[PDB]
There are 2 protein chains.
Amino acid sequence: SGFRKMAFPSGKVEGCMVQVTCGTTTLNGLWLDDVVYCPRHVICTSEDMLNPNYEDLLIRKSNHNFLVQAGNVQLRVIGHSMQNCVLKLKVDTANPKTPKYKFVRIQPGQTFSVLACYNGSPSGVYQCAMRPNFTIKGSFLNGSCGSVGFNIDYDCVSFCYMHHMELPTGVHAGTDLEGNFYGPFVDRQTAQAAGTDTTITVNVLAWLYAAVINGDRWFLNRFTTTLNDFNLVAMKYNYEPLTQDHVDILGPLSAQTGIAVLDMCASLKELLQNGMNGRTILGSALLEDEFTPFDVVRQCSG
Amino acid sequence: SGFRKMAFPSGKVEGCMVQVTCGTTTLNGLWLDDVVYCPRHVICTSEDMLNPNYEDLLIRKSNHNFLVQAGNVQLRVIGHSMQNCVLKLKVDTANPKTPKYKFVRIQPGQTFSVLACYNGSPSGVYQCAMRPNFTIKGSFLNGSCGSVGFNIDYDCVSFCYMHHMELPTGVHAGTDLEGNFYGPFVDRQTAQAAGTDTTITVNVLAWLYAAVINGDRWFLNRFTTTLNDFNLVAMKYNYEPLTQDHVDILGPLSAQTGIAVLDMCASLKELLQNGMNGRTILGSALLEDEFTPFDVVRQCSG
Ligand SMILES: *[C@](O)(C(=O)NC1CC1)[C@H](C[C@@H]1CCCNC1=O)NC(=O)[C@H](CC1CCCCC1)NC(=O)c1cc2ccccc2o1
Ligand SMILES: *[C@](O)(C(=O)NC1CC1)[C@H](C[C@@H]1CCCNC1=O)NC(=O)[C@H](CC1CCCCC1)NC(=O)c1cc2ccccc2o1
């Protein structure tokens, strides 16, 4: 028993991290078979970071302008191309540590692990959720660009995120591995800012179920509610609408605990309307929304 | 910027996890050079788990009673011995993935990463702190025994924890890698329970500094306090006494923020006496105590 924000084991991804240098700009890349993926803004200079024309900037580069360092080994760049906001550097050596992998794009409200890296060297691993406004509440310092986010299923690494920038509120923005940004963000310095965010209702309910599975029951009640009355409350508190598909997804947890999904909704309504009256749930005084139903099932006993 | 509970990258430890089976009991072991370390209660039966004499139980075993599986490879056991509450199985193959390593024992209030494993297969990584009462608030299911806790410095893995059991309150107990239990716990079924716990004051103050570094300043004030008046408050709220050595350890963070340690103490006193009045700090509505000054410095900008 116990419930923690848990990341996937990072070994498979650690084997793929490298350092990419162009000019005086150094950041991280992801080495898979004979290709290194990295943010295209490695080719920028502090002189054209405001409105860069990346096609122009790239045309003025050649293979030898890119230095790729894997551990203490120089990888020779033998081709280069852009795909959306990522650069693909073809290298003359296939990474012998390449895992089975996939490039997936994730949905807001889904979670993934982030391997924070600096100069091609991993420093830490943590769990994140893609917020409804397509940002992530990460932990990223200068040098972290190129760090990736991923999930692991069986032997297979599904890469879902590459890190590009930090917004004025301290939250983070990046792309999928095809170089397409999550959200209405661009890789150029502008006044761009996070849009308004909302709470991921289905995840809060999953976490309430985790709490019950782990013996926190003080917020339960004999009441129930309909989906529509619940969603009237959800709207009032800036929670996302709960759909019937969410109810269905919560089915396993509902059956394991014997607490019907709409009964849990009655509990969440009471918590929203009354607060916690000084109590905690799984060690938190706030309602947590970064655990999916899958995260809860994977971590919690059967 | 950003602040997250971050674990060390787990790759180096993943390379050392194996499965150990004795009879119908299967758990995890840690393979380093030609030795596998695991909890000695792998030799117990549900028949003698109440008051086992491990010396007797071990004497009745031979090398062939232990099945060690590394991935899909059987490791031949060629010797066996007990050291306190851990078993050392000498195997005929040195682990080629052995990292530079050390066996350290940690202090209450220090943090470490846990690699949760089942059947020798890592499933997740997370950050923990050793509580003042020598327990850890982990996430461990049946099958997790033998999972380890560690820190990484440069290339060197300092193993500090092996997992043995769960206590009635849902918290966890284990040993260092020499098999000596953390706390007044024993590897036999008794009524044993966690003793009273306290909050790690120096870590709360480190986390307040992290909050300032990350732009949360609402809890600051123009006041100050002496160490003794602060500790009178600390005692009242079941916080650990703050020593001058703790003040010294907080020096870097104090200098980086320009907020004297005793001024931060004045802030913590106000938060203890008044609560948070509906506000949060680094996304928490509770005062967090599982980040050491080192964790904050390592993660936060310079
Ligand atoms: C990465 O480019 C990076 O790590 N580069 C390596 C070479 C050093 C950074 C990562 C940032 C750094 C700041 C702290 N957290 C973080 O995640 N990304 C940027 O610096 C990004 C770069 C621009 C350049 C054109 C393409 C993409 C954006 N810029 C910002 O994050 C950013 C935030 C502010 C705030 C105020 C003024 C400017 C600014 O830029
Ligand atoms: C490990 O032994 C383990 O994983 N063994 C592998 C072979 C299956 C478990 C880990 C526990 C399991 C329960 C849930 N969380 C967790 O961390 N450890 C135990 O089961 C431990 C074993 C005894 C045996 C003698 C030596 C050490 C203790 N027992 C307990 O954790 C425990 C908790 C309770 C509560 C009520 C009755 C009994 C009990 O046992």
Side-chain angles (χ1 to χ4, degrees), chain A residues 7-21 26-31 67-75 93 95-99 113-126 139 141 143-144 146-148, chain B residues 6-18 28-37 70-71 93-107 110-117 122 124-128 147-162 176-178 292-300 302:
Chain A
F8 287 99
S10 65
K12 287 178 169 92
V13 177
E14 288 167 61
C16 308
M17 307 299 309
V18 300
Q19 188 167 198
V20 181
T21 303
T26 292
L27 48 63
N28 307 280
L30 180 76
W31 188 6
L67 219 72
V68 177
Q69 276 180 270
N72 314 305
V73 187
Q74 270 246 318
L75 300 195
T93 310
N95 182 1
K97 308 200 217 94
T98 304
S113 301
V114 167
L115 180 67
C117 299
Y118 297 90
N119 294 106
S121 295
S123 67
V125 68
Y126 59 91
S139 177
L141 300 177
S144 65
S147 297
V148 304
Chain B
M6 201 182 284
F8 287 99
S10 65
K12 287 178 169 92
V13 177
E14 288 167 61
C16 308
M17 307 299 309
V18 300
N28 307 280
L30 180 76
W31 188 6
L32 297 170
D33 303 308
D34 63 343
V35 178
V36 170
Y37 304 80
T93 310
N95 182 1
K97 308 200 217 94
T98 304
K100 273 201 43 209
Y101 72 95
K102 303 198 289 214
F103 286 168
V104 299
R105 206 193 161 66
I106 58 167
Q107 291 283 325
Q110 310 204 278
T111 52
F112 56 101
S113 301
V114 167
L115 180 67
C117 299
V125 68
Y126 59 91
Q127 193 73 354
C128 272
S147 297
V148 304
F150 58 99
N151 284 281
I152 297 178
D153 208 34
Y154 287 104
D155 46 352
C156 182
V157 183
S158 285
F159 295 101
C160 64
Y161 178 84
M162 185 165 269
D176 63 28
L177 270 293
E178 317 282 358
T292 68
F294 183 91
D295 297 341
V296 175
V297 168
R298 160 204 169 214
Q299 190 177 159
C300 285

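Within every chain, numbering begins at 1; the chains are lettered A, B, ... in the order of the sequence lines, protein sequences first and strands thereafter. Only heavy atoms go into these numbers, but all of them, side chains included; no hydrogens, no water, no symmetry mates.
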Are the side chain of [X] and the backbone N or O of [Y] linked by a donor-acceptor pair below 3.5 Å?
X: B:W31; Y: B:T93; answer: yes
X: A:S123; Y: A:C117; answer: no
X: A:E14; Y: B:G11; answer: yes
X: B:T98; Y: B:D33; answer: yes
X: B:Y37; Y: B:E178; answer: no

Measure the spacing between [atom1] of [X] and [atom2] of [Y] and express it to the nearest 0.5 Å.
X: B:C300; Y: A:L141; atom1: SG; atom2: CG; answer: 7.5 Å
X: B:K100; Y: B:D153; atom1: NZ; atom2: CG; answer: 9.0 Å
X: B:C160; Y: B:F150; atom1: SG; atom2: CZ; answer: 9.0 Å
X: A:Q19; Y: A:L75; atom1: CD; atom2: CG; answer: 11.5 Å
X: B:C16; Y: B:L32; atom1: SG; atom2: CG; answer: 5.0 Å

- [ ] Indicate yes or no: at least one non-hydrogen side-chain atom of A:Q74 is less than 4.5 angstrom from one of A:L67.
- [x] yes
Which heavy atom in [X] sits nearest to a heavy atom in [Y], and how many Å separate them?
X: B:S113; Y: B:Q127; answer: OG-OE1, 2.7 Å
X: A:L115; Y: A:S10; answer: CD1-CB, 3.8 Å
X: B:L30; Y: B:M17; answer: CD1-SD, 3.8 Å
X: B:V36; Y: B:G29; answer: CG1-CA, 4.1 Å

Open item on the list: Using a 6.0 Å distance limit plus a 45 degree cone around the ring axis, check whether B:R105 lies over the aromatic ring of B:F112.
Closed with: no
- [ ] Could you verify whether a donor N or O on one side chain and an acceptor N or O on the other, from B:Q299 and A:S139, lie under 3.5 Å apart?
- [x] yes
TODO: Scan A:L27, A:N28, A:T26, A:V18 and name whichever one has a side chain to side chain contact (heavy atoms under 4.5 Å, CB included) with A:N119.
DONE: A:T26
Open item on the list: Set out, in order, the CA-CA distance, both residues' side-chain angles and the distance that settles side-chain contact (heavy atoms from CB on, under 4.5 Å) for B:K102 and B:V157, then state yes or no.
Closed with: CA-CA 6 Å; B:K102 303 198 289 214; B:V157 183; over 6 Å; no
TODO: Go through the steps for B:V13 and B:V148 under the test side-chain contact (heavy atoms from CB on, under 4.5 Å), then give the verdict.
DONE: CA-CA 9 Å; B:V13 177; B:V148 304; 3.8 Å; yes
Open item on the list: Walk me through whether B:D295 and B:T111 qualify under side-chain hydrogen bond (donor to acceptor under 3.5 Å, both in side chains).
Closed with: CA-CA 8 Å; B:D295 297 341; B:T111 52; 2.7 Å; yes
- [ ] Name the orientation class of the two ring planes belonging to B:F103 and B:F159 (parallel below 30°, tilted from 30 to 60°, perpendicular beyond 60°).
- [x] perpendicular
